[PDB]
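What the coordinates show
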Amino acid sequence: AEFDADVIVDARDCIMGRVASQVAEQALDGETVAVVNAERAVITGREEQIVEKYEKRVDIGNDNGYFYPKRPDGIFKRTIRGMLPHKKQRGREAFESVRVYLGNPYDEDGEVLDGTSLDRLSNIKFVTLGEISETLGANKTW
Amino acid sequence: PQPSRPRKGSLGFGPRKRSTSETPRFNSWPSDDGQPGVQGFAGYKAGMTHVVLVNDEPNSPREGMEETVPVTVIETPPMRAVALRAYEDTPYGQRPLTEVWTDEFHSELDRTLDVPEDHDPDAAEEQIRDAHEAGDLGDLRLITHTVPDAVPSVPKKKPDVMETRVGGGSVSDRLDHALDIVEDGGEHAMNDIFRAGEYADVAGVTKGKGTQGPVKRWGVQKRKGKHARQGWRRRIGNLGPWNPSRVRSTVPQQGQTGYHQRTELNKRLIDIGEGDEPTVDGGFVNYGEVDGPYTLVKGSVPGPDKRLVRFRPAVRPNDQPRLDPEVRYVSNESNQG
Amino acid sequence: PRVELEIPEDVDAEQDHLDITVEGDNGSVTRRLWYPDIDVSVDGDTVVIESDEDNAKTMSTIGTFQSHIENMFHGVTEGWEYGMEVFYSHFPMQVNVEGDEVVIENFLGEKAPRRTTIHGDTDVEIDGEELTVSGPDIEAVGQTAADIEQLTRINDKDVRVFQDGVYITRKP
Amino acid sequence: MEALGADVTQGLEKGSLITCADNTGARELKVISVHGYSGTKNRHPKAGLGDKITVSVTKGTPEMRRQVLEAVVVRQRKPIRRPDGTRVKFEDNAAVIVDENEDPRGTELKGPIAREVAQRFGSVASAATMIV
Amino acid sequence: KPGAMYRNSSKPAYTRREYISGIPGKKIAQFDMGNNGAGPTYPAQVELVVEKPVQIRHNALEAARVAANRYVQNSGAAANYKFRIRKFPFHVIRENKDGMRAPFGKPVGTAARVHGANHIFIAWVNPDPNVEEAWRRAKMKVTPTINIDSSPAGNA
RNA sequence: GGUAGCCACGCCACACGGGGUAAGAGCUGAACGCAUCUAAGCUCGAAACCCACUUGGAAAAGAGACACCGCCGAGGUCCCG
RNA sequence: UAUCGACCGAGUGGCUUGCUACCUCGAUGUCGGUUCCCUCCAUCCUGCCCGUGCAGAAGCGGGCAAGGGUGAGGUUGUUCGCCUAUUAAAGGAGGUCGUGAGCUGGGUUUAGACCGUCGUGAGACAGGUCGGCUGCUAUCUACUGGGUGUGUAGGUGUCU
RNA sequence: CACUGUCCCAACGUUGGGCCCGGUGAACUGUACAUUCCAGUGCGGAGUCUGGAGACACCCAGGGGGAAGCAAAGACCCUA
RNA sequence: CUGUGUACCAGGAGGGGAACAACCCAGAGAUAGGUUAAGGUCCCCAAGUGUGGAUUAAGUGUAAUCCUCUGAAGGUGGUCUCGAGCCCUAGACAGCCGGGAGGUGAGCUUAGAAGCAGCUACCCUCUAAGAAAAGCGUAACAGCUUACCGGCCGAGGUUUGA
Ligand SMILES: [Cl-]
Ligand SMILES: [Cl-]
Ligand SMILES: [Cl-]
Ligand SMILES: [K+]
Ligand SMILES: [Mg+2]
Ligand SMILES: [Mg+2]
Ligand SMILES: [Mg+2]
Ligand SMILES: [Mg+2]
Ligand SMILES: [Mg+2]
Ligand SMILES: [Mg+2]
Ligand SMILES: [Mg+2]
Ligand SMILES: [Mg+2]
Ligand SMILES: [Mg+2]
Ligand SMILES: [Mg+2]
Ligand SMILES: [Mg+2]
Ligand SMILES: [Mg+2]
Ligand SMILES: [Mg+2]
Ligand code: NA
Ligand code: NA
Ligand code: NA
Ligand code: NA
Ligand code: NA
Ligand SMILES: [Sr+2]
Ligand SMILES: [Sr+2]
Ligand SMILES: [Sr+2]
Ligand SMILES: [Sr+2]
Ligand SMILES: [Sr+2]
Ligand SMILES: [Sr+2]
Ligand SMILES: [Sr+2]
Ligand SMILES: [Sr+2]
Ligand SMILES: [Sr+2]
Ligand SMILES: [Sr+2]
Ligand SMILES: [Sr+2]
Ligand SMILES: [Sr+2]
Ligand SMILES: [Sr+2]
Ligand SMILES: [Sr+2]
Ligand SMILES: [Sr+2]
Ligand SMILES: [Sr+2]
Ligand SMILES: [Sr+2]
Ligand SMILES: [Sr+2]
Ligand SMILES: [Sr+2]
Ligand SMILES: [Sr+2]
Ligand SMILES: [Sr+2]
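Residues numbered from 1 in each chain as written, not as in the entry; some residues may be left out. Chains lettered and ligands numbered in written order. Part of a larger assembly, values for the part shown. Heavy atoms only, no water.

The deposited coordinates for this entry were obtained by X-ray crystallography, with a reported resolution of 2.7000 Å.

Next comes the structure, spelled out in structure tokens:
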């Protein structure tokens, strides 16, 4: 393992998309980012509708293949890839200098990026990456 | 309007390629319930004969009557459990943590792996127990190997090695059970795991048949009537519609047929014993004579004679066990004829 | 808007994030009152439900939160109790509590017993053709009761002619 | 239906001509359908020892000919397997005509009958002269 | 034929009968209903106001009219009310029923052009508005969305 | 007539149960003092969904883990039956 | 308002038919069938439900639901449809009206010929009838199976 | 009527090919580029355009889904 | 399909519109610096995770134009905002408790009909109320009710329009 990250982000209770946006922005700036506690990051809206979207992505496919992740590990890292020009040298470099983890394998407590936090006391319609993964059938390793 | 019809063959046993390991690799084990105990065993296929049995199904009209039953004779000499490998639960599933070995090894295990000359059975056992304390211990499995030297009908001497999970009571009592089995020398028998009349799943690499076409390999029809005479006897109608302009992997095509791994559910163990009671006059065709530890499995077992097969306590039995069936007769009639 | 619930004298209330626990002589109950922008707290010897919002949706939950809490006070003091009776016409129905579930045997002549697991510290005491469901948690009690009546549900045949079943006779 | 007590390799199909082992006035019967059968695409619905089949009379008295009736297969040439492994086969393929209640329509049965048929249509078996 | 084919004012005004012939008669039975012997001297005067300019075939005019008046027999065959469908189907409509060749159509019907906000129906009654229900059924059989409008009633 | 072998027309094997839902049955419950299956919350509930089961799968570029042997020799290739 | 349901009005589909003449006349082979693969739901069966003019049994109607199934035969080239016996039911539709560098060639639609009708005649027919041909060694791509290399970076064995 | 693998439903076998090796040794076809797939777009029927997805290279064998495949300046239809 | 006027494509680059003859900016010698246009400023991708405020919970929406971007008639105590009439601390609206009473079972009709089959009338006592009975209910009664009145409670309620 061992990922000498310049930045350790804490996705716990944070809008996944909004975190992913800033992380990509930084990887392209040369920063090595480690996103932690993916299982606990969140995405707002109706759980039923949200899950239909992620279930559809799992059903899609064919011989050429449309591999779509089910664990918060991949759901997140994929989300980030969608915000990167990964088929290009510069974009693949950034993406590769970014890793997402379940829980926190580091000693430091990651930092919370501004604007990315969700206030549980003011919101009820949102879901946890971990919950999507379980509904999608993933083996709850975390 | 073209009648409906199920597709030819199952899409669940592919890709239909050659097996990677001639030795079967179970992908599931029984539930932890009874006392601790190794969850599997192994032997070599010899052939078939039939047997006369006293029906023992409490719900059968024939309960108590003679009933002939086909049987596959499996030579099952004692194996050696040479190590205790422990797994730890991590964010990426289970991973091998460490192994605990013995000193006494079969004289010819040196034909497959590099037998240990300097090992530390306690440094390892300690690491395992520390792990168990932390609560990071995933199941415990025993590295297991056969002794084909005890089987004269099998040309090989080079053992077949396979991991077999240990299941049972508490992980602690279980770990101790495992460690004792290994420490000894490892040796254990079919008796130790199975009792006649129980249901076992048998895994094995089926007989190889090289390349074969769609008809034999997928069960597609042969061209019929006039269509069978114009130049196409056993070639499917079409590889697919115009659009999508590509051949889907689901259309039955020629290729490797046979030599695949198959796990055959619920096989009734008719009788465990040892000696030459089930041998056949003239010898089992293309095998030899049986006279040692053996098992009679009801029905068929994947693979040709001499192939290593694996036993495992049935994981999804449909019937309750009726232990020790009464075997009134065991054919010894030559198989040649 | 803000509401203040004076807590009964035999009772005690305590908060823990979004969970509330009420304890009286009849036992105790813990619930979760999680809604956007509604703060539920224990100030001295009173429970406060307040929010800066006043929209229909917020007001709705405030009223629901109140009843839930007054019901808890009542549960741990006077407790909750539902009464039930077993009415059968041809086949003698046997209703019994076995373990943590009630078992109804020989219903409408069936050979297989119907059963439903009881919810929480709800106690079900059967005496003759009468049943009585009681406990501090009304939710847990209410369900158990309903669960038993639902257990003798019948869809296949005409209910007007087939009425065998355990019915709720008294609601608190 | 009640278990036969033997495994059967259907020796007949829709269209097969068989003997009418009784005295109803029907000499030859043509198999049209197999009670309770559902095959698969391109497969000729098959019948064997023990099945109840719908039949049309091909040979016999004018009064019986052309009538569509139910019958029971009593004998067949293709072998059947008995619990003890032994195979059993007959000299011909035969069926006994039977009514709505599965009672033989004719008074007497001609020729042997498989004991297995008795485990279903007892009234037919209890009109048999020889039960093998 | 569907209303789809003629509801829009998408053709020039075609009403001159001195040049058009074979126009089908009208399916509209009457234009004056109720006690038409009496005058509009009533307390309440409600009216059905079309909310979009459209062409309404006499086909729909008669269905809506019946639907409303027939129901206004919740007041009685000779009740105390007035009812007037004030529009007449002057527009002659055709259908090209040789493909697009010489396709001028043949007279197949007539429709009434009604502009957004015009009132198509007007009822006169005493505080006895079973008429508001009569128009709910009336507006139910004409192309446009409509709004029922009480013209002289502070008798809430 | 028929051995081996290959075969089917022959023979063997192919759950039970969990979890989450739909329609639906309900509980508690307010907006709306009542009522209300719903708005927050909850108990149930489909051959369907997820798991369970089988098959593939270190080229999974985060390109994996464990144990031992070996680095002048472990192991492998050619060769031979 | 169990159920049936006219008039009139509003739509969705792109399965029928028509319209148009945008694409293709230095060629995109036609109908039907067949074979083989994927799919759609407006569900025929199977699972779970609601209502009834629901006692029961059985119907009738409605809801969720596309996992699986939906077969054999007689006339006809038929598609369609009519008919028979079975069946849980023997649903419909899309894929160049899927599928001829896969098959068939019965229908359509060349060259031969007859009949009826029409035509002075040659000859014609949106009529009928008998006969009447089916090319090619796969370059790329696609997939079914099998190998050799490089990467990860000495080997054996077991795994994830 | 008789008979039969036409079919239910396919199996085994025989001879010659096929496959590997020595030798001999063409043709068809070729604007270029080209590892594609799902959608969309576009002269409304795209390997090459757009957006995603997938994609380590090369080789052997295969049956032919696509290249509106190759073959012949459509013979139908209209126009001169 | 066929007219007409006009600008465009054809024969028009470059910037934008995912791609995209004619939609938007724009009409263009080379080269260079600068500032804008259309259109954009969370990331892919240059520029805001900008400010004050409101609404929406459907992932509605993030779709100028369009063969290309659908969404209709009909409905909606989903929710926000604005207004009008009326009732109300002399206690409204709802809920719960109590009272709902005599003449009289009105007359007629009819075997009978007594609040309640039908027709007719629809009166007066006690009183804080109580119909010649609005809805069930019985064969008819009875019984449940309810109109109406009092109590407890205590703050807005109700009707309608946009
Ligand atoms: Cl895929
Ligand atoms: Cl919320
Ligand atoms: Cl049949
Ligand atoms: K052409
Ligand atoms: Mg043999
Ligand atoms: Mg023998
Ligand atoms: Mg067929
Ligand atoms: Mg041309
Ligand atoms: Mg549906
Ligand atoms: Mg019924
Ligand atoms: Mg076609
Ligand atoms: Mg083709
Ligand atoms: Mg061809
Ligand atoms: Mg060819
Ligand atoms: Mg030009
Ligand atoms: Mg930027
Ligand atoms: Mg949308
Ligand atoms: Na996928
Ligand atoms: Na076809
Ligand atoms: Na289905
Ligand atoms: Na037919
Ligand atoms: Na075509
Ligand atoms: Sr087809
Ligand atoms: Sr596996
Ligand atoms: Sr041919
Ligand atoms: Sr294509
Ligand atoms: Sr026009
Ligand atoms: Sr024409
Ligand atoms: Sr309308
Ligand atoms: Sr529900
Ligand atoms: Sr590797
Ligand atoms: Sr649907
Ligand atoms: Sr059904
Ligand atoms: Sr026809
Ligand atoms: Sr032909
Ligand atoms: Sr490289
Ligand atoms: Sr080939
Ligand atoms: Sr930024
Ligand atoms: Sr912002
Ligand atoms: Sr704002
Ligand atoms: Sr288009
Ligand atoms: Sr539009
Ligand atoms: Sr609308």
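What follows picks up the thread again.
Time to look at the nonpolar core. By size, the foremost hydrophobic cluster in this structure holds 49 residues, and its most contacted members are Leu84, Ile128, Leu142, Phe194 and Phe311 of chain B. A per-element tally of this core places strand 2 (residues 41-54) of chain B first, with six residues. Of all hydrophobic cores here, the second largest spans 31 residues; its members include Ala11, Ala94, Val127 and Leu129 of chain A. (Core = buried A, V, L, I, M, F, W, Y, C linked by side-chain atoms within 4.5 Å. Buried < 20%, exposed > 50% of the residue type's maximum accessible area, 1.4 Å probe, protein only. Helix = DSSP H or I, 4+ residues; strand = E, 2+ residues; numbered from the N terminus.)

Another point: the interface of chain A and chain B. Counting residues at the interface gives seven residues for chain A and eight residues for chain B. Carbon and sulfur atoms supply 31% of the area that chain A and chain B bury against each other, a total of about 460 Å² over both sides. Counting the surface chain A buries against chain B, the share from its top three residues, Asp63, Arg71 and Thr141 of chain A, is 66%. Between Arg246 of chain B and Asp63 of chain A there is a salt bridge, with the nearest N and O atoms lying 3.7 Å from each other. Where chain A packs against chain B, one counts four residue pairs in polar contact. For the side of chain A that touches chain B, the per-class residue count stands at two nonpolar, two polar and three charged. (Contact = heavy atoms within 4.5 Å. Buried area = accessible area lost by both parts, 1.4 Å probe. Salt bridge = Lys/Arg side-chain N within 4 Å of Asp/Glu carboxyl O. Polar contact = N/O pair within 3.5 Å; in protein donor to acceptor, adjacent residues only side chain to side chain. Nonpolar A, V, L, I, M, F, W, Y, C, P; charged D, E, K, R; others polar.)

Attention now moves to the domain arrangement of chain B. All names here are of chain B. By domain assignment, chain B separates into domain 1 (1-38 + 207-257), domain 2 (39-77 + 189-206 + 258-337) and domain 3 (78-188). Taking only C-alpha atoms into account, the centre of domain 2 sits 27 Å from that of domain 3. Facing 18 residues of domain 2, the contacting portion of domain 3 comprises 18 residues. With both chains or domains summed, domain 2 and domain 3 bury close to 1,500 Å², and 63% of this area falls on carbon and sulfur atoms. (Domains from an automatic or database assignment.)

Time to look at helix 1 (residues 16-27) of chain A. Residue pairs three or four apart in sequence face the same way in an α-helix, which turns once every 3.6 residues. All names here are of chain A. An ideal rise of 1.5 Å per residue puts 16 Å on 12 residues; helix 1 measures up with 16 Å between its terminal C-alpha atoms. Looking at helix 1, one finds that the buried residues are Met16, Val19, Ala20, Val23, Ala24 and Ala27. Angular distribution of buried residues about the axis of helix 1 spans 130°; they occupy a single face of the element. Summarising the geometry of helix 1, the exposed residues directed more than 90 degrees from the buried face are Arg18 and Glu25. (Expected span 1.5 Å × (residues − 1). Arc of directions from axis to C-beta.)

Around RNA strand I sit 20 residues in total, of which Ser21, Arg46, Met83 and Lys125 of chain A together with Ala56 of chain C are the nearest. For RNA strand I, the fraction of atoms within 4 Å of the protein that belong to sugar or phosphate moieties is 81%. Here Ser21 of chain A contributes a side-chain N or O atom positioned 2.4 Å from a sugar or linking oxygen of RNA strand I. Secondary structure elements with two or more residues in the surface near RNA strand I: helix 1 of chain A together with helix 1 (56-77) of chain C. Looking at the surface near RNA strand I element by element, the count peaks at four residues for helix 1 of chain A. For the surface near RNA strand I, the per-class residue count stands at eight nonpolar, five polar and seven charged. (Near = heavy atom within 4 Å.)

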